[PDB]
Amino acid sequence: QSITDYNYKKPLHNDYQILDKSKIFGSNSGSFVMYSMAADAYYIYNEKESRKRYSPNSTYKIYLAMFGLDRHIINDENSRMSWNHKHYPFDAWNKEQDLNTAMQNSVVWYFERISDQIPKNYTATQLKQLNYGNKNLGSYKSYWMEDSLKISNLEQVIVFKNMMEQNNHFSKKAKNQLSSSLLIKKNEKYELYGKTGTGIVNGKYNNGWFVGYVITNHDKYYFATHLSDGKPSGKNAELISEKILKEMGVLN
């Protein structure tokens, strides 16, 4: 909308290190950002591109889940939602869901059902308090899917880290329930948490994301990969994230 809606310009008041992950990105274009809790420092590949704001797509379901927990639309004893009986192209969508199943399978109707129960003034208050990208709700429909709401790769890390780590009005059990829903991988060395996001425009991928965090025995790292061209899917952004986190020593 405004002159500032496509770009995040706020200086990092933080130690930062510039990375060169161009070989892993290959023919794809985009950025990678990681923050380390113990180091209090940002590691950035393609810093200019990390500040360009893009639709978050399904990565915003992180925030819809938090808001649905905070408003008690879903809880710990019940996060179940019955299927309304409409046929979707994937059978994982064609049944009852809980937060865990819906997050894992990016089941759109679950999160759309949550968003419809949340009043616009709450969301606006939340995006303001969280500094969530351009904060632009537009028509307030599926405003996070190739629509008015945009956020940069750098802000994806900053905002997620601050939401989880600051003592805010989001309770600790809601944060824990969100985390369980986002867990992808756990072994002796680490726990990897995250959420893909994929934008499709005219049958073509236009926008790929993977936003999350890693807990090791020694540190906690928030990260995000955004793809803007080449093959910009969430699945590709996830693959790129894993190669970079592994090269950086985060996964061992």
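Throughout, we count residues from 1 along the sequence that is shown.
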Of 232-240 and 11-19, the one with larger mean CA B-factor: 11-19
Stretch with higher mean Cα temperature factor, 241-249 vs 1-9, is 1-9
Going by the deposited entry, which of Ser36, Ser55, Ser58, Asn217 has the highest CA temperature factor? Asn217
Listed options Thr123, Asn134, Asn167, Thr101: highest C-alpha B factor recorded at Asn167
Name the third of the chain's ranked CA B-factors that contains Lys150, choosing lowest, middle or highest. lowest
Assert third(CA B-factor, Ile74) within chain per record equals highest
Which third, lowest, middle or highest, does the CA B-factor of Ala65 fall in along this chain? lowest
Chain-relative C-alpha B factor for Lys95 (record values, thirds): the highest
Is the Cα B-factor recorded for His85 in the lowest, middle or highest third of its chain? highest
